[PDB]
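Data first, discussion second: the structure below is written as structure tokens.
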Amino acid sequence: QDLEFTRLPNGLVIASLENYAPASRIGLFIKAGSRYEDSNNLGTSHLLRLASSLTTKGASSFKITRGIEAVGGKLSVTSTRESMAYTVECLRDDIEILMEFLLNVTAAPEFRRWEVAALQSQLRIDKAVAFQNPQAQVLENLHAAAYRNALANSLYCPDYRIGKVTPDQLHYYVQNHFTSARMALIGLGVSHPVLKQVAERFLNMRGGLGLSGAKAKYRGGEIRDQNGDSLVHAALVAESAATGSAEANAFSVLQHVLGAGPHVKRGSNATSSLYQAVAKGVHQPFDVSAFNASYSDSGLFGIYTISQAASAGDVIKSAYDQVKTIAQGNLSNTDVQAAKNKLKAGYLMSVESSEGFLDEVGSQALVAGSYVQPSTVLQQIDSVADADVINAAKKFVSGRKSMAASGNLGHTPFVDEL
Amino acid sequence: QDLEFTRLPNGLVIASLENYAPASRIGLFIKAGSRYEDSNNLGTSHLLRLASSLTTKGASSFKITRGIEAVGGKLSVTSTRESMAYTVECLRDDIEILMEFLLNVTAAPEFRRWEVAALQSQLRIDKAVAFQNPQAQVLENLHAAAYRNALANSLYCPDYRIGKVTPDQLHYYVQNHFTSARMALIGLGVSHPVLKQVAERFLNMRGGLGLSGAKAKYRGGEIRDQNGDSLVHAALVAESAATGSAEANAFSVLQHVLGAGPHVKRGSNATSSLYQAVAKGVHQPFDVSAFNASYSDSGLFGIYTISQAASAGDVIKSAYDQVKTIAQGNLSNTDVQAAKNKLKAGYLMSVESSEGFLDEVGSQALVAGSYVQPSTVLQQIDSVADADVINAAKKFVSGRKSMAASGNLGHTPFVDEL
Amino acid sequence: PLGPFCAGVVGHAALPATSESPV
Amino acid sequence: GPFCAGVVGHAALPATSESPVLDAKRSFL
Amino acid sequence: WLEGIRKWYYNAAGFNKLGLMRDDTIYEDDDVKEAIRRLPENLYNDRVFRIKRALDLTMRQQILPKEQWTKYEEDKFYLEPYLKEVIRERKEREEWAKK
């Protein structure tokens with residue numbers, strides 16, 4: 001069938017697609033995240049993400065976990081800086097119980113002191129696991145140095161707040177952000193009326209349009225971390241346009257033109273111009289890709305470079321030189337169309353999976369408030385002209401730069417030098 | 001008697017003043033420190049400062065500790081970004097033994113692997129003890145943000161290098177930076193010929209300038225810690241003159257004009273212009289002073305503020321505006337004269353104590369070679385004109401600024417806003 | 001497509017996940 | 001007020017010195 | 001002359017037969033333990049493997065093949081300098097304690 005996009009008067013999006021799959025998937029995409037935080041409550045979103053199985057008003061922690069496992073289901077909390085999504089997935093027959101459990105978890109959070117104090121420890125473990133790959137830390141520093149507020153907030157609880165998040169803070173966050181207007185219940189494999197019924201059964205109580213954070217402001221700082229690892233992970237970005245704008249699509253096309261994550265295993269990324277440009281200068285092991293983060297209010301476009309400490313400066317300069325060359329106008333229409341093809345294929349393959357489709361629909365409902373068919377997305381992608389890509393390149397090249405680098409910085413250049 | 005300065009052929013400078021006092025203090029000042037550390041060997045200066053009691057070729061750790069304690073002596077290592085000072089203090093009768101121990105420590109260290117490995121934890125213990133006062137971390141971040149090079153290196157070993165400092169690195173640092181041209185042996189209560197004999201005895205080897213550090217380069221960055229402390233420590237500085245220059249004296253007079261340190265306990269810092277200027281705006285607990293750091297290559301001047309997290313912006317803005325008012329020419333001759341008196345008195349009081357006099361003689365010997373009498377220093381202070389103070393204020397206001405902030409930082413302004 | 005850092009930790013009945021942006 | 005972050009010691013006294021860093025009347029206020 | 005009888009004792013003692021070296025067989029008193037903990041890691045790992053292999057051989061009451069026996073000349077006194085330094089430091093501490 002088709003997506004049954006609907007908006008209740010309170011402001012809650014309910015979308016359902018009856019794919020007739022053996023297993024269904026229901027996700028409540030609450031518009032909350034690190035962005036909607038202030039200095040006093042930094043890290044609260046992280047604990048909320050970790051506090052999925054805490055005892056709720058209707059169901060005990062024991063009951064929650066035991067039931068979810070007994071049906072073989074799974075409850076996952078995916079928290080981006082702007083959207084925190086609670087998703088339940090299980091077989092179709094037992095979907096109702098997991099639905100009740102999910103809405104119990106979201107609607108009625110009972111943050112008992114002892115349980116919150118228990119999960120405070122798990123906070124550190126999760127952050128440590130996430131930070132094993134340097135890229136996570138590098139991106140956190142990137143967002144911190146790019147913005148002065150909102151988006152600058154990290155997705156992992158800061159160290160000084162690891163054991164100091166309070167139940168009252170969690171309650172306040174839920175009350176002021178987990179609101180009906182900021183919520184979007186999207187479920188694949190379930191009927192529309194059941195979704196409407198459950199949504200009106202639990203999520204109705206919280207009034208919509210809760211506490212709203214301020215728009216992020218581009219700081220353009222340089223956060224340099226000296227950790228001693230031989231490989232230096234550096235990322236130089238500048239403020240791109242926010243998602244939903246045509247310039248955002250132009251920036252995505254620009255990202256694919258420059259080069260995105262490899263399409264061939266153990267490939268030299270021949271189409272990716274950044275890789276060739278750096279390779280002609282750097283014959284040492286390296287990896288350069290285009291970073292394009294697009295958030296609701298602002299966006300970031302840049303180049304991520306991984307290379308040896310001595311040769312990191314050469315990699316960064318070469319990649320920036322490639323981007324400058326594109327900005328100059330040396331852009332081939334063949335490359336433009338190829339990048340458009342890559343973007344369209346990437347979008348379609350992303351929405352191919354059940355998880356991909358769920359997250360895409362949730363995002364569209366949460367920000368746009370409507371479902372855009374993939375065909376329309378592809379039409380938007382091809383609508384971007386070459387001039388638009390070159391102009392996005394110009395915006396990056398002649399733009400205030402925010403850089404975050406982690407490793408044996410050493411030769412690693414500074415924003416003023418770049 | 002009078003201070004006697006001798007520049008030996010190897011380049012070592014020997015100074016002695018026979019104060020005819022019960023206690024004699026001998027200090028070897030070496031032109032090494034965090035500045036001469038490269039990225040690879042960061043923190044080696046810290047462990048070298050700690051490794052003053054490790055086994056030497058002449059004597060074992062046991063012998064050094066027990067003998068220095070038995071004569072009641074003290075062995076102290078004082079490290080700045082540009083200098084390291086090894087001093088021994090004891091009764092004049094037993095000065096020879098401690099002199100032998102001092103030169104054994106400075107000239108023939110063994111850096112046995114087991115002893116360095118044992119001492120590596122003292123790196124973290126010392127770093128934690130020093131960082132208990134927020135001022136230490138704030139100033140470390142201020143130096144890191146202001147300079148992209150030598151002066152940015154911390155006086156304390158970075159955390160990732162705590163266990164990674166190798167005996168080979170210590171030996172390399174000593175061999176290339178502990179050299180006769182870089183050393184000055186300063187003695188109080190010791191006759192010049194004896195000091196000369198001991199210098200020939202031990203400091204003959206490792207002659208020459210040694211490895212030379214690169215010139216410090218201004219970075220003009222910001223580092224914001226977000227440690228959650230109630231009060232916010234924020235320092236805003238701009239590049240200034242190197243030590244021993246006319247503009248350096250002008251900057252010192254400017255620091256005393258704005259307000260450096262309270263003279264009356266529990267007072268209102270009435271003479272301090274910044275203090276009153278902030279106090280009228282902010283009625284909350286606050287503090288403000290002028291940060292004047294001068295090094296051989298360059299210097300930093302600016303304002304250090306401690307205030308309630310909510311009111312940090314007001315305090316920083318008020319201090320900055322007061323400096324701006326000074327720069328615009330709203331400076332009275334009486335204020336300049338009072339600041340000159342305060343600075344001259346401060347110099348005299350600093351050189352009053354034996355430790356202060358030894359440190360001053362060593363610093364002058366290392367930085368400028370010869371020793372300048374206190375009267376000439378006071379004459380230099382007097383020579384500073386009001387126009388020079390105004391121009392120093394104009395340079396601070398106009399110059400690119402570096403800021404370090406620690407605390408809640410919710411309302412702490414960024415460098416661009418200031 | 002370069003990986004939104006996809007740092008989700010594994011789990012059953014409670015599996016937190018986070019994502020930042022391309023790497 | 002440099003506030004050289006001194007460390008208590010005998011027979012080995014590591015002292016590190018910074019530049020004027022205020023912290024003058026915080027106790028008073 | 002003396003080297004002849006010393007070589008005789010070396011063959012008479014079986015630590016060459018088990019693949020051990022002389023310093024491996026020393027009694028582990030406090031000085032020996034400090035000397036061991038002062039060994040470089042390569043020497044330490046070699047020592048522990050030698051002793052483990054010797055213990056395994058003694059467990060099954062077997063001896064190492066003749067070609068793999070340690071040679072009297074090839075035997076290297078790895079622990080001797082460290083142990084001597086430990087003994088010297090202990091002697092100095094005792095001497096300071098005496099008076």
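In the structure tokens, each chain is lettered A, B, ... as it comes, each chain's residues begin at 1, and ligands are numbered from 1 in order of appearance.
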Please find the residues of chain B near chain A - the criterion being any atom within 9 Å, counting only C-alpha atoms - and write them as an MDAnalysis selection string.
chainID B and resid 38:40 148 158:161 219 221:223 226:228 408:410 414 416
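Within the 12 Å cut-off around residue 47 of chain E, using only C-alpha atoms and omitting residues fewer than 6 positions from it on the same chain, the listed residues are residues 19, 20, 21, 22, 23, 24, 25, 26, 36, 37, 39, 40, 41, 53, 54, 76, 77, 78 and 79 of chain E.
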Generate the output file for the selected residues, N, CA and C atoms, as a short mmCIF file (atom, residue, chain, number, x, y, z; two decimals), in the first residue's frame.
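Written output follows (selection_26.cif):
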```cif
data_model
loop_
_atom_site.label_atom_id
_atom_site.label_comp_id
_atom_site.auth_asym_id
_atom_site.auth_seq_id
_atom_site.Cartn_x
_atom_site.Cartn_y
_atom_site.Cartn_z
N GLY E 19 68.23 -26.92 29.14
CA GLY E 19 68.18 -25.72 28.35
C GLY E 19 68.28 -24.44 29.14
N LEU E 20 68.42 -24.52 30.45
CA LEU E 20 68.52 -23.34 31.29
C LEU E 20 69.91 -22.73 31.17
N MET E 21 70.04 -21.51 31.70
CA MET E 21 71.32 -20.85 31.88
C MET E 21 71.57 -20.65 33.37
N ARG E 22 72.82 -20.33 33.71
CA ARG E 22 73.21 -20.30 35.11
C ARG E 22 72.34 -19.34 35.92
N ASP E 23 72.13 -18.13 35.40
CA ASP E 23 71.36 -17.15 36.15
C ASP E 23 69.89 -17.54 36.28
N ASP E 24 69.40 -18.44 35.44
CA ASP E 24 68.03 -18.92 35.62
C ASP E 24 67.88 -19.73 36.90
N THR E 25 68.93 -20.41 37.33
CA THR E 25 68.84 -21.34 38.44
C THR E 25 69.13 -20.71 39.79
N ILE E 26 69.40 -19.40 39.84
CA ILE E 26 69.73 -18.76 41.10
C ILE E 26 68.51 -18.76 42.01
N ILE E 36 65.37 -9.33 39.04
CA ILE E 36 64.48 -9.83 38.01
C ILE E 36 63.54 -8.73 37.54
N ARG E 37 62.93 -8.01 38.49
CA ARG E 37 62.01 -6.95 38.09
C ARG E 37 62.72 -5.81 37.39
N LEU E 39 64.96 -6.42 35.05
CA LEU E 39 65.43 -6.91 33.77
C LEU E 39 64.68 -6.23 32.62
N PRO E 40 65.34 -6.03 31.48
CA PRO E 40 64.62 -5.59 30.28
C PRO E 40 63.65 -6.67 29.84
N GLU E 41 62.58 -6.24 29.17
CA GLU E 41 61.47 -7.16 28.91
C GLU E 41 61.90 -8.34 28.05
N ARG E 53 59.94 -24.08 30.08
CA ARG E 53 60.32 -25.26 29.31
C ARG E 53 61.07 -26.25 30.19
N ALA E 54 61.95 -25.75 31.06
CA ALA E 54 62.67 -26.64 31.96
C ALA E 54 61.72 -27.35 32.91
N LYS E 76 75.33 -16.87 29.01
CA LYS E 76 75.49 -15.45 29.26
C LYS E 76 74.84 -15.10 30.59
N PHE E 77 75.59 -14.39 31.43
CA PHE E 77 75.12 -14.03 32.77
C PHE E 77 74.33 -12.73 32.67
N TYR E 78 73.08 -12.86 32.22
CA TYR E 78 72.24 -11.68 32.03
C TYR E 78 71.94 -11.00 33.36
N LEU E 79 71.70 -11.77 34.41
CA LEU E 79 71.25 -11.21 35.67
C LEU E 79 72.38 -10.67 36.53
#
```
May I have the residues within 12 Å of residue 30 of chain A as an MDAnalysis selection string, using only C-alpha atoms and disregarding those fewer than 3 positions away in the same chain?
chainID A and resid 12:13 27 33 36 45 48:49 77:87 103 106:107 173:174 176:186 203 208:210 359 362:363 365:367
Write out, as a tab-separated table (two decimals), in the first residue's frame, the residues just selected, with N, CA and C atoms.
```tsv
chain	number	residue	atom	x	y	z
A	12	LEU	N	0.62	15.52	16.43
A	12	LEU	CA	1.40	14.30	16.39
A	12	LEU	C	1.24	13.63	15.03
A	13	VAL	N	2.35	13.35	14.37
A	13	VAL	CA	2.32	12.68	13.07
A	13	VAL	C	2.20	11.17	13.28
A	27	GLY	N	8.35	3.27	15.44
A	27	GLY	CA	9.29	4.21	16.02
A	27	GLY	C	8.69	5.57	16.32
A	33	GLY	N	17.22	16.10	21.46
A	33	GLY	CA	18.60	15.70	21.26
A	33	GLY	C	19.52	16.66	21.97
A	36	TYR	N	18.72	20.59	22.03
A	36	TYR	CA	17.81	21.18	23.02
A	36	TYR	C	18.34	20.92	24.43
A	45	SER	N	20.43	14.32	27.58
A	45	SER	CA	19.92	13.52	26.47
A	45	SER	C	20.60	12.16	26.43
A	48	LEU	N	18.92	10.01	29.01
A	48	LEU	CA	17.61	9.65	28.47
A	48	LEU	C	17.74	8.52	27.46
A	49	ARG	N	18.75	8.60	26.59
A	49	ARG	CA	18.99	7.52	25.64
A	49	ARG	C	19.31	6.22	26.36
A	77	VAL	N	17.18	3.19	21.07
A	77	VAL	CA	17.06	4.64	21.12
A	77	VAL	C	18.19	5.23	20.29
A	78	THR	N	17.86	5.80	19.14
A	78	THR	CA	18.83	6.48	18.29
A	78	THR	C	18.70	7.98	18.49
A	79	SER	N	19.77	8.61	18.97
A	79	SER	CA	19.75	10.03	19.29
A	79	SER	C	20.75	10.76	18.41
A	80	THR	N	20.25	11.45	17.40
A	80	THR	CA	21.05	12.45	16.71
A	80	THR	C	20.97	13.76	17.50
A	81	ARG	N	21.77	14.74	17.07
A	81	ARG	CA	21.82	16.01	17.78
A	81	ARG	C	20.47	16.70	17.80
A	82	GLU	N	19.61	16.42	16.81
A	82	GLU	CA	18.31	17.07	16.72
A	82	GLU	C	17.12	16.14	16.91
A	83	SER	N	17.26	14.85	16.63
A	83	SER	CA	16.15	13.91	16.72
A	83	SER	C	16.56	12.72	17.57
A	84	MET	N	15.73	12.40	18.55
A	84	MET	CA	15.92	11.23	19.41
A	84	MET	C	14.76	10.28	19.12
A	85	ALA	N	15.06	9.14	18.51
A	85	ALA	CA	14.04	8.22	18.04
A	85	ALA	C	14.03	6.97	18.91
A	86	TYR	N	12.85	6.62	19.42
A	86	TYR	CA	12.64	5.38	20.14
A	86	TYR	C	11.91	4.42	19.22
A	87	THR	N	12.55	3.30	18.90
A	87	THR	CA	12.00	2.33	17.96
A	87	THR	C	11.86	0.96	18.60
A	103	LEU	N	5.14	3.14	24.34
A	103	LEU	CA	4.44	4.35	24.76
A	103	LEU	C	4.50	4.52	26.27
A	106	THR	N	7.97	6.14	26.78
A	106	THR	CA	8.06	7.53	26.37
A	106	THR	C	7.16	8.43	27.20
A	107	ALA	N	5.89	8.06	27.33
A	107	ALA	CA	4.89	8.97	27.90
A	107	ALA	C	5.07	9.15	29.40
A	173	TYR	N	13.59	17.59	31.16
A	173	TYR	CA	13.85	17.42	29.74
A	173	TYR	C	12.66	16.75	29.06
A	174	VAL	N	12.15	15.67	29.65
A	174	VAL	CA	11.02	14.98	29.07
A	174	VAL	C	9.82	15.91	28.97
A	176	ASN	N	9.59	19.18	28.90
A	176	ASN	CA	9.72	20.37	28.08
A	176	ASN	C	10.11	20.08	26.64
A	177	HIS	N	10.51	18.86	26.33
A	177	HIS	CA	10.86	18.51	24.97
A	177	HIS	C	10.07	17.34	24.41
A	178	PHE	N	9.79	16.31	25.22
A	178	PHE	CA	9.02	15.16	24.73
A	178	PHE	C	7.54	15.53	24.67
A	179	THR	N	7.22	16.42	23.73
A	179	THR	CA	5.89	16.98	23.57
A	179	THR	C	5.23	16.45	22.31
A	180	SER	N	3.90	16.52	22.28
A	180	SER	CA	3.14	15.93	21.19
A	180	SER	C	3.49	16.56	19.85
A	181	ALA	N	3.56	17.89	19.80
A	181	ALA	CA	3.87	18.56	18.54
A	181	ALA	C	5.26	18.19	18.05
A	182	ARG	N	6.20	17.98	18.97
A	182	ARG	CA	7.55	17.59	18.63
A	182	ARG	C	7.71	16.09	18.44
A	183	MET	N	6.62	15.33	18.52
A	183	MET	CA	6.67	13.88	18.39
A	183	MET	C	6.16	13.47	17.02
A	184	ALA	N	6.61	12.30	16.57
A	184	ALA	CA	6.13	11.74	15.31
A	184	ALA	C	6.20	10.22	15.41
A	185	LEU	N	5.04	9.58	15.43
A	185	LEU	CA	4.97	8.13	15.56
A	185	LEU	C	4.84	7.52	14.17
A	186	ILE	N	5.90	6.88	13.71
A	186	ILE	CA	5.93	6.23	12.40
A	186	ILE	C	6.12	4.73	12.61
A	203	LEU	N	0.30	9.24	24.16
A	203	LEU	CA	1.04	10.46	23.90
A	203	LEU	C	0.20	11.73	24.03
A	208	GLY	N	1.72	20.06	23.26
A	208	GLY	CA	2.74	20.21	22.24
A	208	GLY	C	3.51	21.51	22.32
A	209	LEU	N	4.48	21.63	21.42
A	209	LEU	CA	5.30	22.83	21.24
A	209	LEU	C	5.93	23.26	22.56
A	210	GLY	N	6.78	22.37	23.08
A	210	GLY	CA	7.43	22.58	24.35
A	210	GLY	C	8.57	23.57	24.24
A	359	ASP	N	13.63	5.33	9.52
A	359	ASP	CA	14.31	6.56	9.91
A	359	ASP	C	14.04	7.68	8.92
A	362	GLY	N	10.50	8.96	9.53
A	362	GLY	CA	10.52	9.69	10.78
A	362	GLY	C	11.14	11.07	10.64
A	363	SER	N	12.28	11.15	9.97
A	363	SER	CA	12.94	12.44	9.76
A	363	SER	C	12.05	13.38	8.97
A	365	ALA	N	8.79	13.41	8.57
A	365	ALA	CA	7.67	13.85	9.38
A	365	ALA	C	8.11	14.84	10.44
A	366	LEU	N	9.25	14.58	11.08
A	366	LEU	CA	9.68	15.40	12.20
A	366	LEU	C	10.04	16.81	11.76
A	367	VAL	N	10.71	16.94	10.62
A	367	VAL	CA	11.18	18.26	10.20
A	367	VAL	C	10.20	18.88	9.21
```
For a quick check of understanding, using only C-alpha atoms, which of C:18, C:12, C:1, C:23 has the smallest distance to residue 127 of chain A?
C:18
Exercise answer, chain E residues close to chain B, 12 Å and only C-alpha atoms, as an MDAnalysis selection string
chainID E and resid 34:41 82 85:86 88:97
With C-alpha atoms retained, export the selected residues as an mmCIF file, in the first residue's frame.
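part_27.cif written:
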```cif
data_model
loop_
_atom_site.group_PDB
_atom_site.id
_atom_site.type_symbol
_atom_site.label_atom_id
_atom_site.label_comp_id
_atom_site.auth_asym_id
_atom_site.auth_seq_id
_atom_site.Cartn_x
_atom_site.Cartn_y
_atom_site.Cartn_z
ATOM 1 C CA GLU E 34 64.524 -6.964 42.541
ATOM 2 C CA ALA E 35 67.124 -7.884 39.928
ATOM 3 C CA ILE E 36 64.477 -9.829 38.005
ATOM 4 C CA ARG E 37 62.008 -6.955 38.086
ATOM 5 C CA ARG E 38 64.803 -4.704 36.806
ATOM 6 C CA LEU E 39 65.428 -6.912 33.765
ATOM 7 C CA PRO E 40 64.623 -5.593 30.285
ATOM 8 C CA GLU E 41 61.474 -7.155 28.911
ATOM 9 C CA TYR E 82 71.535 -6.083 37.851
ATOM 10 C CA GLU E 85 73.837 -3.344 41.516
ATOM 11 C CA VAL E 86 71.019 -4.444 43.827
ATOM 12 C CA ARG E 88 75.656 -2.818 46.156
ATOM 13 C CA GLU E 89 72.666 -0.585 46.887
ATOM 14 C CA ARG E 90 71.621 -2.842 49.766
ATOM 15 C CA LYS E 91 75.177 -2.699 51.101
ATOM 16 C CA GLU E 92 75.088 1.096 50.983
ATOM 17 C CA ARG E 93 71.764 1.205 52.828
ATOM 18 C CA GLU E 94 73.125 -1.178 55.466
ATOM 19 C CA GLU E 95 76.288 0.911 55.788
ATOM 20 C CA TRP E 96 74.295 4.093 56.322
ATOM 21 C CA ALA E 97 72.222 2.234 58.914
#
```
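For the pair atom CA of residue 234 of chain A and atom CA of residue 316 of chain A, the interatomic distance is 7.8 Å.
Excluding residue 131 of chain A itself and any same-chain residue fewer than 3 positions from it, the protein and nucleic acid residues within 12 Å of it, counting only C-alpha atoms, are residues 124, 125, 126, 127, 128, 134, 135, 136, 137, 138, 139, 140, 141, 155, 156, 157 and 406 of chain A; 5, 6, 7, 8, 9 and 18 of chain C.
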List as a count of residues only the protein and nucleic acid residues near residue 2 of chain D, meaning an atom at most 8 Å away when only C-alpha atoms are counted, but skip any in the same chain fewer than 4 places from it.
6
